[PDB]
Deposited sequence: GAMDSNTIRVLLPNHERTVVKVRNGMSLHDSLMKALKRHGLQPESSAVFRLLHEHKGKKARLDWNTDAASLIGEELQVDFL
């Protein structure tokens, strides 16, 4: 699947689509600002922002 589900604080969540060789920060940067969160103040729970997006297909991660 090309779909990845992400959980957010305050019982929020979002689902973003990824491509072949996409950065974690660059693939969901629009969804973070849409919900109202900056990636600098965000914290993925854990992984790094340089992680490939397609490499995390099929898993759920939380942001704080």
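The chain's deposited sequence has unresolved stretches at 1-4, 50-60, 80-81, with no C-alpha coordinates there.
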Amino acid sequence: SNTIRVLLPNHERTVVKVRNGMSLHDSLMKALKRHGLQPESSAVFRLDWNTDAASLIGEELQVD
From here on, numbers count along this sequence of modelled residues.
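The PDB entry records a higher mean C-alpha B factor for 49-57 than for its counterpart among 6-14 and 49-57.
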